[PDB]
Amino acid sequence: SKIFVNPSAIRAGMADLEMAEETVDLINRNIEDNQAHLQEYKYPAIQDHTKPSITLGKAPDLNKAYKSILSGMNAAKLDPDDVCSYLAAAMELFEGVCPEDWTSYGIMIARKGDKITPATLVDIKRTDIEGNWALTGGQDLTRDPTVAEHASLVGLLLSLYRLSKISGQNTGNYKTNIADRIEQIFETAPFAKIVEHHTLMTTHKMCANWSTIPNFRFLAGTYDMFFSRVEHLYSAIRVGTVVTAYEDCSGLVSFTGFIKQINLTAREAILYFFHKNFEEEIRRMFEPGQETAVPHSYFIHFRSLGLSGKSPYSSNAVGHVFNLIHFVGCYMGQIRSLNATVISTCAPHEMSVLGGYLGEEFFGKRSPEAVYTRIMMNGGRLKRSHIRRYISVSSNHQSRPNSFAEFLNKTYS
């Protein structure tokens, strides 16, 4: 009525959407590939032909920097300014050949055949202020580190980004398993064992906030962007940096993953989004010029690289779409949706109503118009079967605060 629209009208007016299919395909494929490593709004497109940049202190001698940091790693005392400075200087050790011309947002990163490193992707300015480079456990001279040892330290340090991002209750056993697997990777060829078991977790306990240090996040995204494009001997370093891909794009990513889950084209799936507020949010996600369908674009790491502070692709940015997708997920009994956080300011009651009808529509693997018809025939209200299912899934779950499951328990019971 005044809240919902006939999908026949959405079918006429959503044909302007651009590269929506290609975007869904690329993002879903990238998410799939990333699994091997895992186990007011400002659009990101660069307009001035300058690479992303940060500022660090004066470049250190790599061998001296390695020895200082490895000593800090064993003592669970790392200086984050020194670690960033070392990580940026270590980029020169990760050299490959660009397999094809690499351009993003009008910036020619490299031409086919160019020798490139992660430093090619960004402008890292440096002051003339020396880092601290303190060493403990005795200042006795030690053998110079090999490249493989540098690669292990780089990988271990960068994994503190991923470990820092993991936070919340009932997450430290998962954190323990992740830490253990990361340690194993970086003590297994082509990497070298440079620390004893359980050192990473002890270090992370003192570095738990590092994911909120912008320069460190920036460096993690730079390495991840580089290893995504350039196959490299030490590419497994992405076990720590893969989490920078599509950061703060949980609305767009929920949308693309939702389209794949219901096995529809983006053109057809959009027809089911027939609540009036969806249109603005859907056009927000497919704004032209952002390279959402371009492989290896800066777009994939735009949040970590500082291209935008207010993502148009976040769950809040498209809260109605996001709420709807995860109420459907709740109806389907998907834990990821039950524990997701509701966008309180995006009509979670109406999204839960449409979610119940769509959940019923797709349960167990029919047209958008039929669904619209059923909702209207019930006066825009959930049926008792819907509510029973919603309660069945939520009352039988450990509803987290502000989660979709908690919303269902308080709203339907």
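In this text, residue numbers run from 1 along the sequence as written.
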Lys365 to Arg366: deposited residues without atomic coordinates | 10 or more
Between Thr50 and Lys51, determine how many residues of the deposited chain lack coordinates; answer none if the chain runs continuously, otherwise 1 to 3, 4 to 9, or 10 or more.
-> none
Assert higher mean C-alpha B factor (87 to 95 or 73 to 81, deposited values) equals 73 to 81
Comparing 133 to 141 with 197 to 205, the one whose average Cα B-factor in the PDB entry is higher = 133 to 141
Between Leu252, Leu264, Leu158, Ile124, where does the Cα B-factor run highest in the record?
-> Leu264
Member of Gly172, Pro312, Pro295, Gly319 with the greatest C-alpha B factor (per the PDB record) = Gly172
Modelled-residue ranking by C-alpha temperature factor, third containing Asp114 = middle
With respect to C-alpha B-factor, does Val353 fall in the lowest, middle or highest third of the chain as deposited?
-> middle
Compared with the other modelled residues in the chain, in which third is the CA B-factor of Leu271?
-> highest
By the entry's values, the third containing the CA B factor of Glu187 is the highest
Taking the values exactly as deposited, rank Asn34 by C-alpha B-factor within its chain and report the matching third: lowest, middle or highest.
-> middle
